[PDB]
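Each chain gets a letter, A, B and so on, in the order its sequence line appears, and its residues count up from 1. Below, each value reflects all heavy atoms present in this structure, side chains not excepted, and no hydrogens, waters or symmetry copies.
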Number of protein chains: 2
Amino acid sequence: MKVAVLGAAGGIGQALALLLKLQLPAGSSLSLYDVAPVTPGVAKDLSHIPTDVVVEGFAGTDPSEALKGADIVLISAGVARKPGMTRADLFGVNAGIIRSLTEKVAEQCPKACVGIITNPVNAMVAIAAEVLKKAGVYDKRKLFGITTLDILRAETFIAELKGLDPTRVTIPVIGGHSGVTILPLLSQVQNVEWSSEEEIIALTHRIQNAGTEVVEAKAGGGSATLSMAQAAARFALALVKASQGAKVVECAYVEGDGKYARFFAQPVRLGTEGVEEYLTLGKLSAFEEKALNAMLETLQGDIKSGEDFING
Amino acid sequence: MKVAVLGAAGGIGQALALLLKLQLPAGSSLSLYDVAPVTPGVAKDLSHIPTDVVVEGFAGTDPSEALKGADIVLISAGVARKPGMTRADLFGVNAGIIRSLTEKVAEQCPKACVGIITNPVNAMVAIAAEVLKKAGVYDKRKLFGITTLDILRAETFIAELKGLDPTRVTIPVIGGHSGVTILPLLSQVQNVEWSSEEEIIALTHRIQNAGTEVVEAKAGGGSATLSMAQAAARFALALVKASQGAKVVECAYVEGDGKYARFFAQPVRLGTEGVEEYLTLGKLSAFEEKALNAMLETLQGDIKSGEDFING
Ligand SMILES: NC(=O)c1ccc[n+]([C@@H]2O[C@H](COP(=O)([O-])OP(=O)(O)OC[C@H]3O[C@@H](n4cnc5c(N)ncnc54)[C@H](O)[C@@H]3O)[C@@H](O)[C@H]2O)c1
Ligand SMILES: NC(=O)c1ccc[n+]([C@@H]2O[C@H](COP(=O)([O-])OP(=O)(O)OC[C@H]3O[C@@H](n4cnc5c(N)ncnc54)[C@H](O)[C@@H]3O)[C@@H](O)[C@H]2O)c1
């Protein structure tokens, strides 16, 4: 098992690299790549931790050496939202970074699973799909938008509100990865009596807007880095577990059956070659059915913006 | 169990806070304090992780709120060595930070265990001891210089050189926490046939100088942050395990029997009230006995420099 992290010198990159150095299976390797000159030193820092995980670090213009033989590629490269900045600002900075790095994946490790962290995920994942298609290597089973932070948030907020164990709250989160496209299926949550519709609506809002609590409370210091690194590590370790032949189930933004949108976040069962089965959303409340049809235009617009960058 | 991290917004601080948010026992709390205005946002970032660990964050001039009810206080506050900077540069920047923060420990949580990360540890721990003594609350069983990074390095370098499992290499490291004061007892290492004296000397050197490999390879980007956060978390979790009534054994820089120096890094058994027993160094090789007597002057000089800052 070899995992490559592209953007490994950043806030998310460094914490993610630490969690993977601590938690990847003994016998694994970890390669870090970032345009930041510090990157070989980040790898040197991690190499002092006593786990049987070979860690190498690369800066420079060419991630080919980090990517050679990679099974899993995690991309946290690009700028984070600071106060004042819009989705549109992020797209303009990050689209070309995602285009550049996914071209190099197609060249060096086209059979790898690819996990996109870089925002806006909804559009960045469609960019990577179109680059892989232009290279003739696109396997839709192997490309993921990492939405796992929306799951961490949902688990935490449910457990804190309802006095539950946050380690054992399960909650599917479907749709997309931004504002109104995030749909947590609170109707399916166990061991909770909802006060009323009010409580469900307010919890849904808090899950959808949680990034702003952080962006705000850091006050220009940046966005969520440490929670996102945990979310990415959790997803990555799920893919490693699936590579060993485990049944693994995770919410991720994937090119599925296209019932609602070309890309849609849903529970998937992972096998040894990416997605093995696309799982049901299960039973939606009236509230969930309406929220689903209400955000579909935004989600399809996010996808189009990524497709149109690569293809017109 | 409540753990306070002073310096929680820095390179070490943030990664340490993440590992404690992930690993402290369910029912724990974690309070973060730093002079950096971002600190409440670091805590907000971590609060989105689904563990039963209450995380709060404080900036401003007064750590009293973070420290109220603390059982364990970890101090990573102060500047790290960049290229050009000497031990003397660090002492001048960090002495007053350690004096200030330990006065606040004496006021708000005098019965807490205190773990000093801030360098130079050899002198910073004697400063904290003299501040606690001036406040009339010093318990020498409860004050530690965290040397655990020297243990991580020793474990890793032995396992990489000798083809061993780095998760199961045990190596006592004694003396102090800088250059020639670091003494790894390589004579006691199992499952290894030393090529010759040469190999033991070169491995000892690499353990003593490992910080420079990182400071160098980051090239001004800073020193070891991610490995040090793991080392601090390991030590902290050892103290939490001891609080539950476990026999726990760790190398730490402590005011022991003073056979070699007032403060000396040695294996200690932890109980529920800090150090319960000061353990033997065991059998020293000729090489280890000579290296021990050869660095003692430097170590005693490091301690004096801390004592003399507080007392003349
Ligand atoms: N999916 C999610 O839930 C989620 C949540 C939080 C943030 N994010 C996103 O993650 C990204 C990283 O955020 P951060 O806070 O770590 O940012 P950061 O600025 O700290 O780190 C980004 C890193 O990307 C590197 N980078 C830039 N161009 C590169 C290239 N061509 N190749 C390799 N590395 C390159 C930079 O040098 C930097 O080290 C941002 O886009 C942010 O929006 C996603
Ligand atoms: N013991 C070891 O093995 C070991 C190894 C590596 C580094 N270190 C030391 O750890 C320290 C931290 O290193 P780093 O790389 O995280 O540095 P950093 O500069 O990234 O972080 C230091 C933090 O301390 C904060 N701080 C400063 N004064 C403060 C005060 N009065 N109260 C609270 N917070 C305060 C700063 O605002 C900053 O957030 C340095 O002294 C470094 O030498 C120790």
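No part of B:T39 comes within reach of chain A, as not one of its non-hydrogen atoms sits under 4.5 angstrom from that chain. Neither the backbone nor the side chain of A:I158 comes within less than 4.5 Å of any heavy atom of chain B. Proximity to chain A is limited to the side chain of B:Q230, based on heavy atoms less than 4.5 angstrom apart. Of the two parts of B:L19, only the side chain, counted from C-beta on, holds a non-hydrogen atom closer than 4.5 Å to a non-hydrogen atom of chain A. Contacts between B:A224 and chain A at a heavy-atom distance below 4.5 Å involve backbone atoms as well as side-chain atoms. Within the 4.5 angstrom heavy-atom criterion, atoms from both the backbone and the side chain of B:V42 approach chain A.
Between B:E155 and B:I151 there is a side-chain heavy-atom pair separated by less than 4.5 Å.
A 6.0 Å sphere centred on NZ of B:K241 holds no more than 12 heavy atoms belonging to other residues, nucleotides or ligands.
If you tally non-hydrogen atom pairs under 4.5 Å between each of A:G41, A:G11, A:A154 and chain B, the highest count goes to A:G41. Per-residue counts of heavy-atom pairs under 4.5 Å with chain B were compared for A:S227, A:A15, A:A231; the largest is that of A:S227. Contact count against chain B (heavy-atom pairs under 4.5 Å) is highest for A:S47 among A:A229, A:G220, A:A219, A:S47. Per-residue counts of heavy-atom pairs under 4.5 Å with chain A were compared for B:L18, B:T167, B:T156, B:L46; the largest is that of B:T156.
With no hydrogens or angles considered, no side-chain donor-acceptor pair links B:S223 and B:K218 at under 3.5 Å. B:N122 and B:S178 share a side-chain donor-acceptor pair at under 3.5 Å.
Residue pairs meeting the ring pair (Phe, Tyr, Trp, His ring centres under 6.0 Å) criterion with at least one member in residues 211-236 of chain B, sequence neighbours excluded: B:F144-B:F235.
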Without placing hydrogens or testing angles, list every side-chain donor-acceptor pair under 3.5 Å for residues 208-217 of chain B, not counting sequence neighbours.
{"unit_1": "B:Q208", "atom_1": "NE2", "unit_2": "B:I182", "atom_2": "O", "d": "3.0"}
{"unit_1": "B:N209", "atom_1": "ND2", "unit_2": "B:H205", "atom_2": "O", "d": "2.7"}
{"unit_1": "B:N209", "atom_1": "ND2", "unit_2": "B:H205", "atom_2": "ND1", "d": "3.2"}
{"unit_1": "B:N209", "atom_1": "ND2", "unit_2": "B:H205", "atom_2": "NE2", "d": "3.2"}
{"unit_1": "B:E213", "atom_1": "OE1", "unit_2": "A:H48", "atom_2": "NE2", "d": "3.0"}
{"unit_1": "B:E213", "atom_1": "OE1", "unit_2": "B:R206", "atom_2": "NH2", "d": "3.4"}
{"unit_1": "B:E213", "atom_1": "OE2", "unit_2": "B:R206", "atom_2": "NE", "d": "2.9"}

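A distance-only check finds no donor-acceptor pair linking the side chain of A:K2 to the backbone of A:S29 [under 3.5 Å].
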